[PDB]
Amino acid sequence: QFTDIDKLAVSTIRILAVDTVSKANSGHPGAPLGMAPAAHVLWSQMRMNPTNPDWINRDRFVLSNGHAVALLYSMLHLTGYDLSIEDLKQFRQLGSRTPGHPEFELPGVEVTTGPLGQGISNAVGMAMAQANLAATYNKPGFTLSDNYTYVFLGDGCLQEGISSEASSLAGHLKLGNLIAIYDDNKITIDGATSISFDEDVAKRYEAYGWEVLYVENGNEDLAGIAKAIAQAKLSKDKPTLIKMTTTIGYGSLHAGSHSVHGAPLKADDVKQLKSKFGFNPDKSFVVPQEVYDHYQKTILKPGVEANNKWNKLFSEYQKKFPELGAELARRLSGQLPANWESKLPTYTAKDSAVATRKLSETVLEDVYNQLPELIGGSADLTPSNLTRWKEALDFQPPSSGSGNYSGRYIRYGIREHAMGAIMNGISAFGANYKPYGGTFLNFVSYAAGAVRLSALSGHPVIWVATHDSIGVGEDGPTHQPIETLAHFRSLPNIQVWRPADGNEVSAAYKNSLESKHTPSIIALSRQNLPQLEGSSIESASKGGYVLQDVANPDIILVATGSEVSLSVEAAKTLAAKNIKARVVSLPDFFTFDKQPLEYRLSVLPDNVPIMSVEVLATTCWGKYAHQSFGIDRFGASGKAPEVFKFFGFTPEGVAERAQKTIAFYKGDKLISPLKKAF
């Protein structure tokens, strides 16, 4: 039952955001001015502790339409999160805590958004993650998980394919606790939606299996908005979209125009806004005491009280079910089981050749029993990626009869970009969820919006990217990565492992799974690769190490993945013509660059020509070698030995090229490429 204070709360949210943008002299005022009533009605009714933004059973809210940040920054300040008027008075400025689009790093901001389509897709991970937790640990008497995931979205997020991929899957899985509120404002940047987007959203979403409710006066009807949220909460086995119509820039002297989407309202427009809302035209960043006190009784103090009850029931649970309690307690502290690493496989050069892909499968076989928080899947490639262990149970709705929500194998369908973002949402949930998803390395490029954000936020998701080159063969150039790794190695904060054998696969799994702030790509072979004499988890964990040494070498050859063996063989050949060649295995650029310089310079020393061997683009290699043998053109369709042969990657093709490199440089002094001037 909304009184005049609820109407005072809504004008302070709108004008605070107006103020924020106008001081910054930059930012988007329009959606904050129209979404403010929905923010007030929703937040007031979400169960959350502002003093503990990390309580696992907190309701989660994602602002998918990240450009509306000043609405999230006002709410965060007013409902009592650590963020202040001074923070806000520095919206969009160098160094401040208030950047131009929300970032995971701030408290009460759940994932970073700004790229459209990302927030709504992350929220689907969050709801899958709650569905899984609740299923795993809730016991009759102890309902430790039952929260909701509220999403805010625009027309933009409904146009991007990722949210149609995500929504299709959310609908399949029956994710009842996911509630999206669509700001139907009939405007985006170029103008009116009818110029390019006139589909029937509601019918589109009901087709997916979502329930759709409507609110027609979202600009003033707090009860309407209120009853929709409440009806949505009864939708136990359908996600809900609430389509709430609003006017962009409500109150503004140019509301409904598209000029109010991303520029500060002008001075005189803001003053009439203050007068009309009963605020003073010449005062800014003003919060009535009545608003703090309101949210203090409405949210902060029940939230703390709710958080506090949770703690006591969790402790009776650790008494009642000591080992499940022990498990959840660990995940919540964010440590992995002690000494889990002992279940990782090791091999010698005595055991068989095996594609790095079937070795990948053996890690998953050996570790899932040890790490309950490891939840995996595939974007329809399960038998190609070898990404599901034998005793698994699929994550499905219980009605399906194929699996249930305790299951740990997500079937993603042909939805890469969606799986990238759903993986980020499962990881941003907490309780130590280790998400992975497989596909073919060539199609991880589809997911690139989502993967740049696993890197910007630091979400340790794992991509199991199999079929990593022309050794795919006959599927041809549409399915053969050329530029893929080079790309992702130019992206700050992401591990790109390309293992050469069994020990190096175990080191890629170990470092990826132990990571707390870097995502990983494990690039894996379709084809059989031999076990190497002298690979080791320990050594490959440094990301780059001398695999085969000689005294006073003529050349250093550096290879990644399937080219390490080819380089060892070319190394025998160079030896018989009396050339000493050192073979270096660089499984991950990132991890090796995290090494201390004096390590790096023992692996890639001065005064020795250094040549790289890798069947993908040579563009990222100048930082480790002097001359590079790689492929800077698309591949080809044929038997895989023949495509390798057709491009030169043969032991005598590498040896020839090492010889031409020794010859080119005899007499010159050579500096290591690692060394920089400044």
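Just count from 1 along the sequence shown to find any residue number.
> Should the higher mean CA B-factor in the entry be assigned to 439 to 447 or to 603 to 611?
The recorded data point to 603 to 611.
> Quick check on the record: does 290 to 298 or 313 to 321 carry the larger mean Cα temperature factor?
313 to 321 has the higher mean C-alpha B-factor.
> Going by the entry, which of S167, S259, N493, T591 has the most elevated CA B factor?
Out of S167, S259, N493, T591, the record gives the largest C-alpha B-factor to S259.
> For the listed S342, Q527, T466, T560, which has the peak Cα B-factor recorded in the PDB entry?
Of the candidates given, the C-alpha B-factor peaks at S342.
> Sorting the chain's CA B-factors, does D184 end up in the lowest, middle or highest third?
According to the entry, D184 has a C-alpha B-factor in the chain's lowest third.
> Just say lowest, middle or highest third for the CA B-factor of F629 relative to the other modelled residues in its chain.
For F629, whose C-alpha B-factor we compare with every modelled residue in the chain, the answer is the lowest third.
> Ranking the modelled residues of this chain by C-alpha B-factor as given in the entry, is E483 in the lowest, middle or highest third?
Ranked within chain, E483 CA B lands in the lowest tercile.
> Based on the deposited C-alpha B factors for this chain, I'd like to know if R60 is in the lowest, middle or highest third.
Middle third by C-alpha B-factor.
> Is the Cα B-factor recorded for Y509 in the lowest, middle or highest third of its chain?
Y509: CA B-factor falls in the lowest third of its chain.
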